[PDB]
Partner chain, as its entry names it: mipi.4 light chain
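Here we start with a single chain on its own, the form solved without the partner chain, put down as structure tokens.
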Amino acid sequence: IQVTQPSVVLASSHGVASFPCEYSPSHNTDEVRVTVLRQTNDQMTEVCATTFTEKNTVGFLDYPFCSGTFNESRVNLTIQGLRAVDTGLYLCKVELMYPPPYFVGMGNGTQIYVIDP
């Protein structure tokens, strides 16, 4: 099992940071639960999360500041409304809900830099 994400992402002047979160192993029938966590001193804060049961579908509908899409082995994440205080480490967590066997994995985190707009 393995989840990976980019090391660094430079947010847009308007505070948008988009990047992929990839995982293995993957299958044609994958359905996943994706969770974005910000890591600080010893602890993590959940930023947003969503479930994807099919491709070509926009997720995180109930989170104004997160959006994303999904296809086998990859979740395209978008984090919005970022401010200077928000630069830091953001972990991507992926849970394979179907097909069995079940498994959970987490990336090493993407350093998001919100550079002086």
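C-alpha atoms forming the largest set that superposes within 1.5 Å between two forms make up the rigid core. Positions refer to the first chain, counted from 1. Shifts are known only where both forms have a C-alpha.
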Inset, instruction - Could you tell me whether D42 lacks coordinates in at least a third of the other compared entries whose models cover its neighbours on both sides? - result: yes
Inset, instruction - On mean C-alpha B-factor from the PDB entry, just flag whether 41-49 or 27-35 is the higher one. - result: 41-49
Legend entry - Third of chain Cα B-factors occupied by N108: middle
Inset, instruction - Classify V75 as lowest, middle or highest third according to the C-alpha B-factor given in the PDB entry, relative to its own chain. - result: lowest
Legend entry - Relative C-alpha B-factor of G15, binned into the chain's lowest, middle or highest third: highest
Inset, instruction - Determine, from the deposited record, the chain-internal third of the Cα B-factor for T87: lowest, middle or highest. - result: middle
Inset, instruction - Determine, from the deposited record, the chain-internal third of the Cα B-factor for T4: lowest, middle or highest. - result: middle
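Absent from the display: the form solved in complex with the partner chain. The rest refers to it.
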Legend entry - Heavy atom contacts to the partner chain in the deposited complex at 4.5 Å, residues of 101-116 in sequence order: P101, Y102, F103, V104, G105, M106
Inset, instruction - Determine, with the core as the superposition reference, the one member of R74, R33, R83, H27 that shifts its CA by 2 Å or more between the shown form and the other one. - result: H27
Inset, instruction - Verify the C-alpha shift of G105 between the shown form and the other one: is it 2 Å or more after superposing the core? - result: no
Inset, instruction - Can you tell whether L96 sits closer to or farther from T29 in the deposited complex than it does here, judged by CA atoms, where the change is 3 Å or more? - result: closer
Legend entry - Inter-Cα distance between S24 and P99 in the deposited complex, nearer or further [3 Å or more]: farther
Inset, instruction - After fitting on the rigid core, list every run of 3 or more consecutive residues where each C-alpha shifts 2 Å or more between the shown form and the other one, in sequence order. - result: 27-31, 98-101
